[PDB]
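Position 1 is the first residue of the sequence; numbering continues from there. As the structure lists them, so they are numbered: ligands from 1, and atoms in each ligand from 1. Just the heavy atoms: all of them, side chains too, but no hydrogens, waters or symmetry mates, feed the values below.
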Amino acid sequence: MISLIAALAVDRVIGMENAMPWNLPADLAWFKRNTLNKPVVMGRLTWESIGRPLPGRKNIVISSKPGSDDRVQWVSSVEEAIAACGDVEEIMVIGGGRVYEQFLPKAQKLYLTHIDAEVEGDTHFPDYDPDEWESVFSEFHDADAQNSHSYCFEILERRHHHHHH
Ligand SMILES: NC(=O)c1ccc[n+]([C@@H]2O[C@H](COP(=O)([O-])OP(=O)(O)OC[C@H]3O[C@@H](n4cnc5c(N)ncnc54)[C@H](OP(=O)(O)O)[C@@H]3O)[C@@H](O)[C@H]2O)c1
Ligand SMILES: CCc1nc(N)nc(N)c1C#CCc1cccc(-c2cncnc2)c1
């Protein structure tokens with residue numbers, strides 16, 4: 001299965017100047033817990049924002065150009081990225097906007113962190129129809145000394161039905 005994991009501020013904001021316009025350590029733990037020992041697929045710009053491999057996970061970067069870091073696996077297409085993941089139960093797509101756009105139609109699961117911050121972005125999470133998705137998990141947290149905004153984790157599963165001809 002293909003899953004997307006993303007943190008979204010107000011108005012689907014996910015990025016600004018190749019960074020995330022917030023600081024939420026609590027989201028880091030949620031992200032690790034849900035990606036641990038799973039392959040992670042990311043766009044080149046997201047890779048550049050990280051700057052080093054994510055420990056515990058098979059790192060796959062999509063780029064039209066040669067790779068600039070031998071520690072991760074570089075691919076040049078969506079099908080290639082999926083091919084590189086091999087025979088695993090869950091592929092985690094971790095960003096950014098362009099990559100989310102391409103994978104959302106193929107995904108069966110969304111792991112979302114809703115952040116209560118009204119902040120400007122230049123990158124947004126792709127639009128999707130809420131009627132295609134079923135929320136199966138919520139977990140709310142107030143802001144604290146380490147996290148300046150309240151946030152809520154959510155998991156959604158894609159709605160299926162019987163194929164008819
Ligand atoms: N809030 C969150 O959960 C979250 C998570 C991750 C990232 N972000 C944010 O999102 C922003 C970056 O997103 P972005 O949309 O600018 O870039 P991106 O998706 O991270 O990377 C886009 C790049 O990936 C490569 N690529 C994507 N699809 C390809 C394809 N089908 N075939 C070949 N290459 C492909 C291309 O690289 P080449 O130019 O080399 O061809 C393209 O320029 C940053 O602000 C980042 O901080 C947010
Ligand atoms: C942790 C940020 C995050 N949260 C959620 N819920 N979904 C995501 N896809 C992401 C992300 C991301 C890309 C990214 C960009 C910059 C740094 C890191 C990072 C991840 N884990 C440890 N250190 C840095 C990760």
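- Using cut-offs of 30° and 60° for the angle between ring planes, the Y151 and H141 rings count as parallel.
- Between the side chain of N59 and the backbone N or O of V72 there is no donor-acceptor pair closer than 3.5 Å.
- Between the side chains of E154 and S135, a donor-acceptor pair is found at a separation under 3.5 Å.
- Counting atoms of ligand 1 from 1 in the listed order, those under 4.0 Å from a heavy atom of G15 are 45 (O).
- Here the heavy atom of the protein found nearest to atom 24 (O) of ligand 1 is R44 N, 3.2 Å.
- Taking the charged nitrogens against the carboxylate oxygens, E90 and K38 do have a contact shorter than 4.0 Å, which makes a salt bridge.
- In this structure, of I62, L112, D27, the residue bringing a heavy atom nearest to atom 35 (C) of ligand 1 is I62.
- Linking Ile, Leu, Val, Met, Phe, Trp and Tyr whenever their side-chain heavy atoms come within less than 4.5 Å puts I5 and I115 in one cluster.
- With hydrogens and angles ignored, the 3.5 Å screen pairs no side-chain donor or acceptor of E48 with any backbone N or O of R44.
- Ring planes of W30 and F137: parallel class, angle under 30° (limits at 30 and 60°).
- The closest approach between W22 and ligand 1 falls below 4.0 Å for a heavy atom of the residue.
- Contacts with ligand 1 closer than 4.0 Å are made by heavy atoms of both the backbone and the side chain of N18.
- Contact annotation for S49 and ligand 1: no heavy atom of the residue comes within less than 4.0 Å of the ligand.
- Neither the backbone nor the side chain of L8 comes within contact range of ligand 1; no heavy atom lies under 4.0 Å.
- Ion pair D127/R12 flagged as a salt bridge, since at least one NZ, NE, NH1 or NH2 atom sits closer than 4.0 Å to an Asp/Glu carboxylate oxygen.
- Atoms of ligand 1 found under 4.0 Å from any heavy atom of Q102, numbered from 1 in the order shown, are 27 (C), 28 (N), 29 (C), 30 (C), 31 (N).
- Short contacts between ligand 1 and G95, defined as distances under 4.0 Å to a heavy atom of the residue, involve ligand atoms 6 (C), 20 (O).
- Residues passing the side-chain contact (heavy atoms from CB on, under 4.5 Å) test with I82 are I2, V78, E79, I91, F103, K106, sequence neighbours excluded.
- In this structure, of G43, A19, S77, the residue bringing a heavy atom nearest to atom 47 (O) of ligand 1 is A19.
- Looking at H163 and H165, their side chains do bring a donor and an acceptor atom within 3.5 Å of each other.
- Inside a 4.0 Å radius of atom 42 (C) of ligand 1 there is not any protein heavy atom.
- Sorted by chain then number, the residues whose non-hydrogen atoms approach ligand 2 to under 4.0 Å are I5, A6, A7, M20, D27, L28, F31, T46, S49, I50, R52, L54, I94, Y100, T113.
- Side chain of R52 to backbone of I50: a donor-acceptor contact under 3.5 angstrom is found.
- Around atom 9 (C) of ligand 1, the closest heavy atom drawn from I14, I115, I50 belongs to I14.
- One hydrophobic cluster holds both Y128 and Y100 under the rule that ILVMFWY side chains link at heavy-atom gaps under 4.5 Å.
- Interface of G96 with ligand 1, defined as ligand atoms under 4.0 Å from a residue heavy atom, comprises 7 (C), 10 (O), 13 (O), 15 (O), 18 (P), 19 (O), 20 (O).
- The shortest N or O to N or O distance between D122 and ligand 1 is not under 3.5 Å.
- Nearest-heavy-atom check against atom 27 (C) of ligand 1 across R12, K65, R98, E17 picks out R98.
- Short contacts between ligand 1 and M16, defined as distances under 4.0 Å to a heavy atom of the residue, involve ligand atoms 45 (O).
- Under the 4.0 angstrom criterion for non-hydrogen atoms, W47 is not in contact with ligand 1.
- No continuous path of ILVMFWY side-chain contacts below 4.5 Å connects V41 to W47, so the two sit in separate hydrophobic clusters.
- Residue, atom and distance of the protein heavy atom nearest to atom 33 (C) of ligand 1 are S76 O, 3.4 Å.
- Annotation for ligand 1: atoms under 4.0 Å from non-hydrogen atoms of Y100 are 3 (O), 4 (C), 5 (C).
- Linking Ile, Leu, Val, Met, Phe, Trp and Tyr residues whenever their side-chain heavy atoms come within less than 4.5 Å places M42 and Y111 in a single cluster.
- Under 3.5 Å, the side chains of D116 and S150 contain a donor-acceptor pair of N or O atoms.
- For atom 5 (C) of ligand 1, the candidate residues are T123, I94, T46; the nearest heavy-atom contact is made by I94.
- At a 4.0 Å heavy-atom cut-off, ligand 1 does not touch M42 at all.
- Counting only heavy atoms of the protein, atom 4 (C) of ligand 1 lies nearest to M20 CE, 3.4 Å.
- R158 places a side-chain N or O within donor-acceptor distance of the main-chain N or O of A107, the cut-off being under 3.5 Å.
- Close N/O approach between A7 and ligand 1 is found [any backbone or side-chain N/O within under 3.5 Å].
- The distance from ligand 1 to the heavy atoms of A6 drops below 4.0 Å at these ligand atoms: 3 (O).
- Numbered from 1 in the order shown, with element, the atoms of ligand 1 that lie under 4.0 Å from a heavy atom of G97 read 13 (O), 14 (P), 15 (O), 19 (O).
- At a 4.0 Å cut-off, not a single heavy atom of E101 sits close enough to ligand 1 to count as contact.
- Between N18 and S49, the side chains place no donor N or O within less than 3.5 Å of an acceptor N or O (distance only, hydrogens not considered).
- Linking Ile, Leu, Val, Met, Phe, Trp and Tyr whenever their side-chain heavy atoms come within less than 4.5 Å leaves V99 and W74 in two separate clusters.
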